[PDB]
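Letters A, B, C, D, E, F, G, H and I mark the chains in the order given here, with residues in each chain numbered from 1 onward.
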Amino acid sequence: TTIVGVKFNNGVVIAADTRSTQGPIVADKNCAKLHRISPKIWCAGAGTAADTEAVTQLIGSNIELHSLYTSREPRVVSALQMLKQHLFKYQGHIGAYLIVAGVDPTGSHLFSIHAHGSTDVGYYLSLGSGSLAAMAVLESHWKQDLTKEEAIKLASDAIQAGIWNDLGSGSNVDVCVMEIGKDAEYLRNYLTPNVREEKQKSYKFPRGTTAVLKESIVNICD
Amino acid sequence: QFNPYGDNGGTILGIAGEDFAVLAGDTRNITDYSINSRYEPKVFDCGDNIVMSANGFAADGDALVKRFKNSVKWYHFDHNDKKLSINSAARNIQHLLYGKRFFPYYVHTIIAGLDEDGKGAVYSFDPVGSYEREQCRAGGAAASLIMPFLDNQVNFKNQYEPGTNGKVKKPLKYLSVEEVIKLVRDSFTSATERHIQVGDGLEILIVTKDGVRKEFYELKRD
Amino acid sequence: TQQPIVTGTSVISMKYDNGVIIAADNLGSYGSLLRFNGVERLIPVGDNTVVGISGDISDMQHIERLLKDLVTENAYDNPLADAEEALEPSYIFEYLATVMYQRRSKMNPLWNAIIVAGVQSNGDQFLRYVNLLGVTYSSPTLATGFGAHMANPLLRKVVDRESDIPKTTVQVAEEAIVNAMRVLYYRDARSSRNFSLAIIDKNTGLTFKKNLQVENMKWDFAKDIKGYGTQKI
Amino acid sequence: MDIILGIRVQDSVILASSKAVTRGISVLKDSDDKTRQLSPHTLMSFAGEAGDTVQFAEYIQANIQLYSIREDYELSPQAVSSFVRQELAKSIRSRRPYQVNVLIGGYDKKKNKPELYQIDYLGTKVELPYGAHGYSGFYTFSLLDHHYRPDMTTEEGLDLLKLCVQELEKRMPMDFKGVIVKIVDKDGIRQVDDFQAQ
Amino acid sequence: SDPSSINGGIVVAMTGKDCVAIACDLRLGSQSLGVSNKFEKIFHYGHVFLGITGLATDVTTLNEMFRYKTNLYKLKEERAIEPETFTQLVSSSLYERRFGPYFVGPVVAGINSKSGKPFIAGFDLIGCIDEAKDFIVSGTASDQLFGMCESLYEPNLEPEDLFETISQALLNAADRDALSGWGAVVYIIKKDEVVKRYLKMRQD
Amino acid sequence: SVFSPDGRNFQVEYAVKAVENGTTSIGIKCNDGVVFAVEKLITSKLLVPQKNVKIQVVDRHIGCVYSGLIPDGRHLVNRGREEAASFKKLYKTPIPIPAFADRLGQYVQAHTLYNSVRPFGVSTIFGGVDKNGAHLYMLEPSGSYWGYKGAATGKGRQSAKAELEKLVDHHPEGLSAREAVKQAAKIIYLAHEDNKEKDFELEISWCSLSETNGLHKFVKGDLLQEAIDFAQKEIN
Amino acid sequence: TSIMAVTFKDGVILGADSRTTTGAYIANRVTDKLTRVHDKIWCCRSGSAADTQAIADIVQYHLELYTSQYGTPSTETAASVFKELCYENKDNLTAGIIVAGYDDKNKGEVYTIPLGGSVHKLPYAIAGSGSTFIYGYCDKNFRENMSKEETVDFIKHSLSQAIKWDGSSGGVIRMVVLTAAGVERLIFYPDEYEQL
Amino acid sequence: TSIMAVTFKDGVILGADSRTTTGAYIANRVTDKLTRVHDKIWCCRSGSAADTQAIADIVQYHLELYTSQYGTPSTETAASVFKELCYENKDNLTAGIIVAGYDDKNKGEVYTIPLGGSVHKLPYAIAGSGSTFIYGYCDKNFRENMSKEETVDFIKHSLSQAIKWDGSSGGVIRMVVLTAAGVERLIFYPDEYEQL
Amino acid sequence: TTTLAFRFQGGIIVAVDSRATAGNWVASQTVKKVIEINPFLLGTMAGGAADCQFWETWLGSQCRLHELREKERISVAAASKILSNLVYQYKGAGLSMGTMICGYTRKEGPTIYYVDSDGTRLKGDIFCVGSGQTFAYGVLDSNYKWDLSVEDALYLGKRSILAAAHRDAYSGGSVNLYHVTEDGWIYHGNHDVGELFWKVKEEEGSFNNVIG
């Protein structure tokens, strides 16, 4: 997994690769790692995948109820505080590592959260096994006052460093752009540079190839 | 890791006569190779003509004696000032110890008094409540040095009438209090010569129908 | 179940004809780092009791709080709080002993060794020890830590048994204690030059001395010592 | 390892269970019944950890008898075995699991089929023509794979077991002191109390 | 002795043109000892199919739990649970036992009765959803299953062809695993009809 | 938990009657402390003099005296003491007097909220010196409290209040602790006018920055006699 | 981590580096270890980032509740709240906190709460892995009643030595000035302090 | 143990404290830690006393032999013999040695041989448990080409700080001055250096 | 410890040793390992001295309570099952006991149950329990006939304990003998091994492994 976040002058962008693994095996060649906490607060996770998922949904749920109760747009610092308090309570056993990013009525926000419940704020961040390959690109290219286009390019390049150079990462690049102006735009499979090449042969079997012992029709209804 | 137990040495001895009992102990209290005190008593009058010692881990010993003294006090309250008989005390001490079967008092406990018939009585308990009435008993660091002497000199074991060839055991007799004190003082001078945790002083408590009398003797301070 | 972190070293004490002396250095070690140098480990309770404490300093500070409000509590609805119903050394000790033993029995010790030094209102000297296991004992002299191994032998040369106590004057006893504190500074790697000493006298009451120093030290012989065996220069 | 065997023939179910109780270096008993009647047409056999074994069987027995008396009706073998399975599957995740393996042999009167259920301490249930728990299975499964026929009579089933026991006496390390044999058919439960020297 | 290995077994599910397939082996073992030849690992709750590998006691328990929940779902919602929604029920049910999980690898297969589109999904033992549309594998021969599938599979297969592919994938993976085999059943699933075939395979 | 139709709480109102029925007690603020005083009815010649102490200390710096049901008063002080301990434990510093007032406030007030609890039948006069001055407070059975220059409660409250009002008007510059002690003795003597079927013992306590270092102490011996004498003087 | 707090003539200054590491990897090079728990009460954090952040959040809350009810808290009171949390939960915390606050009555104050949960009031204090390398330097150079610019220099010099020798320390030097005049943030960069 | 060696204008000085401990017990308060392996080649030892004495004894043997055959060995040669012994037996040695010497050609030289058995040529070197506290002070106060009296001052000050903070260090400060003039033994008692 | 109980023609024989140890330390030679529960019920003790003494003394309390509740002596089956159920509650906490509950009732006749801290409960004719059990079994099993005269069964039990006292380091002291009939238990005395060995050797001509 490679996840990055990059703040630009009018907002924040998050990107992630689309490979999920089970030890050395690739389970899903195009999973979605970018989660929604609320319409304009988005999340990217690494570590235990069920943990990042569940924790994202629990806090997304509570954030919605909070939003309705207060008649206000949800704030990123609220997702942050709720996430870190939950994670801390569990002393690291919920192995969720997240880059949380969003826009709210106070502006644009970028944080990271570790499984034990510690948070950090930054202009650019990365997590997951591709973390170091991505950081190397970010430390080489990040500058202050990036435009929207530049931030997407930078975030996408950093995910690429992960795809190519980290074995835990591969396939495609998902992006989400959150600007202070409009709606959050989710660019699923923003890049697809890893298309499986055409197979050398079809492995379609002639019918009757498999031997059958018995056969019956199965009933659904009642 | 915290070890809740310690070992403060010491050595206790109980002998029962026809119409008296003695419970003796040394006054030395130790930790590893240090002397904490040369005079810290560990044989106590508990009221109702019962003396008690709980040798081993002194913290546990003190808690137990405290609890038994209290048990005697409430016996008086709950049961119209009735005298607590030695067998009844013994059974009560079993329950005190067994209440801590899964976090025991590390003590060898001995009690002495007179039974309902006015006979000398000695009972002894293992760390978890197992008990038995006996004629005599040594406890603590040097019990293994002393018990065999008492078997020999108090119960006349392995002794035979000269000239019977080994066919007729020396008959078992009751000892006088003078005779018993001679044995106690000798047991303790022996134990002091050979066990590093025994020394400094010997405090003997004697129980008769006239109450509880106390004697003290200097022991070797090395 | 825990481990001491910031620590204090030995506390030493003995009783003389009219009272009791207790002393402890002003250091709080952090393993081998001699970290904090302004630490009072003698705690006066009223003016007839000093509680000397070694071991974990966080736990020492908790015991302080416990003693202070033990004095508060004793004053509640107590018109004789500064007279016949004043706190006694024996009361203060029995309270601490109880706490210590309950804490070890819950497998959560106060990581300390404590000496309670004072004078009872009937005039009797009080000197008693309790520690993290709830083990208690009394003796004409008492000392914790390295004090147990080095100070006790020195102080017992002044008071060997009970009968030596009427023969021992405050001057003699304060001398023995101040000397043992020098020895402890010579051989205890966790000791400090600065210490505090308190006397509880049945006539004079509580004298509390701060900022004492180990003085008159022998080091001059050092210069002649070279090498570790064969070396001559 | 105690021996717990079950064979389902055409009209009945037969259970054979080892008679030995061994603690340490001693055989304490050579005539143990490792069986509890659950209802007039349902029988359970058990092996495993020392005390757990009887405490569980008798708790299962109490529950089934209760149900019978409450409903004036006998539960089916399929139902009883589901009760037992769920009980074990609960136990496996509790503070101290029951370490007991069972065979449930019953005759379903509604269906008129005999039934054999094998359940281990984890709560793994399966219906089988023949079954076993412990090491003994390592010999009997293959033996029965060869000699068993689905339409055997009760007298034929008893000859199949005789092979099984004789094989276990040739090759098992420990003296299990022979087996008690019991049959569950349409007429209920009876004991072939003469299997040893026969 | 690792719970996911005590009993053995495999499940695979594939999507084709207007159809889905779900297949499993029949082995129930206790380590080396083969114990049962008839232990099916695929269940259905309406038109929705669930395959479960792993500790066989948890397999049974989960079936009995999803039958319970989908029965109560049906009574309150007055319609049968759908594949997408069942998936979410599976996922959150497993995550509920986060610190004492069921040792299982469940697989969901079925066709949406309203949109008509084929649906498959898998999960790890704490309910993380694997959302592949091509194929999903699970059990002690997963590695082997992954290799068979990635090689054999192609999109838009016809029911009759899909049968062949999923069967070959399962059979050949089963035979390179010590703990799987002993029989196999394949369900071919269309919006209107479901055929269940038992396969002839090596009995070793 | 019952409002009467006029918006009052009739159970609190009856509690007040019980207070009005009690011995009279007062507090006077001075320029660097507070003095407290109470009337102790001598039921019998058999009462041991100086031995049935009504005034109670909270922590080391807070005085409490009350009129009404004496057990109700003691319950309140016990709670005040825990509330003091709890504050010191957490925040180190001893509890400021306004803070201690709200602690009793809320607790007393809580006993007016539920139908299964009765309100307290005492009014309590309490105070002391904290980090920024002396503070005097009186708390009624409803949980209502305010700060006071002078305060009185009990059977002779009206006559005592009038005397207090006179002092406030004739000492805008402030009174001294030493003086307030004598004045409190006078006021209790004047207040005994409305309860004179029994003989009485006087009890006074004070907390002064310069006379006690800001700790609560009882007035005994020499100073207590000087106060009795001064009060005996302005009645003959 | 290298953290310090120094009392001086006009108040107190808190200083820290900006490096957080997991193992040998610098997870964050621009961390802010200077933590506001009240207007003029700040702290420095060392040990577990999770434990120290959780703790500072609870104390911030406790002091906000305090203010509403009792007015502004003293620095001692703030230290006491840290101690209660750190001592009462010592089996499960790895927290080393330095508390420093300005007050009108008591002026500048510094409290240190090391691992056990004990409290120490000090003229200045140092902590974090990087502090071992500056004990000698700091003890030789600290004087009471220094001027503002002198204390900035003392912290600047001390921390640059700590940064130079500790791998866990590094980055920029952040300071927070706490006096009657208000609250001031100072930052110092490698090019500035490496020269010293 | 606190030990150091400093090169200056005229030669090199070696300094050490005199404390040896087993646990918290001071086995020896007046140890001589400065060890001669040739007229004007000396070393400071840290780590296992057994290991470093046995090593020193072997090096002195090799340099006596060297001198009979080939004349006076350079400080570099001394250092190499130490390294050889320390590197080749790294599995059964806990030895930290500082080598210091003076000849007429290369003047004053210092080599440090830490736990691995690597060699490092340095203008000055510190070692021992107490050295950790003076890294910042030393880096800040060292200059090249210092006079004799200035160098004795630097070592005296440094080792007092190290002694102040490290409980394993203490006692007297010993020094050895190595120049063309010859060899000078120095001692400084606690009453002098504490007052600094 | 060695304890045994066997059923026969004339009732039940119960015999036990009287030694307590801690490691290799012989703690006592005069311990009572049989508990008299009522005139028709006996319990024997092997394993942890406290565990056995405590819970069997308790067993007596629970049996007396049954008498008052149901106006009837408790059955051996139900007395054993109280002990057995209690001990099962504690399984895993490390209790150590192996015991026999022996007695007569009109409904059951003479009965023996073996109960241990694993929760095992067995009805049977012959049990030996303790570190010395195998030594006892060997003598007992090879001389046991159902038809033994009371006199001979008494001796057999006694002799089997002697056997185990001799060979087992953790057995010895004396033998305590009981006989249980319809009329209840009868105590057949204490027998010091010190004396008994020599007497038996000379009179039986056995123990030829032994010098002198």
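Keep this in mind: a contact is a pair of C-beta atoms (placed from the backbone, for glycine too) under 8 Å apart; a residue touches a chain by one contact, two chains touch by 3 or more.
To keep track of the chains, here are their UniProt names: A = Proteasome subunit beta type-2; B = Proteasome subunit beta type-6; C = Proteasome subunit beta type-7; D = Proteasome subunit beta type-4; E = Proteasome subunit beta type-3; F = Probable proteasome subunit alpha type-7; G, H = Proteasome subunit beta type-1; I = Proteasome subunit beta type-5.
Hopping across touching chains, the smallest step count from chain D to chain E is 1. Between chain A and chain H, the least number of touch steps comes to 2. If you lay the C-alpha trace of chain G over that of chain H, the rotation comes to 180 degrees, to the nearest 5. Measuring from the averaged C-alpha position of chain A to that of chain F gives a distance of 67 Å. Between the CA-based centres of chain F and chain H the separation comes to 76 Å, rounded to the whole angstrom.
Averaging Cα coordinates per chain places chain D and chain H 82 Å apart.
Between chain G and chain I, the centres computed from C-alpha atoms are 74 Å apart.
Contacts with at least two other chains are made by residues 89 of chain F. Among all residues of chain C, those that touch two or more other chains are 1-2, 33.
Those residues of chain H in touch with two or more other chains are numbered 164-165. Annotation, chain-chain contacts: A-E, A-G, B-C, B-I, C-F, C-G, C-H, D-E, D-I, F-G, G-H (touch as defined at the top).
Those residues of chain C whose C-beta lies close enough to touch chain G in the complex are 1-2, 4-6, 28, 30, 33, 35-36, 39, 56-62. Within the complex formed with chain A, the residues of chain E that make contact are 44, 46-47, 95, 98-99, 122, 124, 126-132, 142-143, 146, 151-152, 154, 157, 160-161, 163-165, 167-168, 171, 187, 193-200.
Contact residues of chain H toward chain G in the complex are 132-140, 157-158, 161-162, 164-165. Interface of chain G with chain A (complex): residues 20, 25, 27-28, 30-32, 48-50, 53-54, 92. Note for the complex: chain C touches chain H at residues 29, 32-34, 146, 186-190, 193, 217, 219-223, 225-229, 231, 233.
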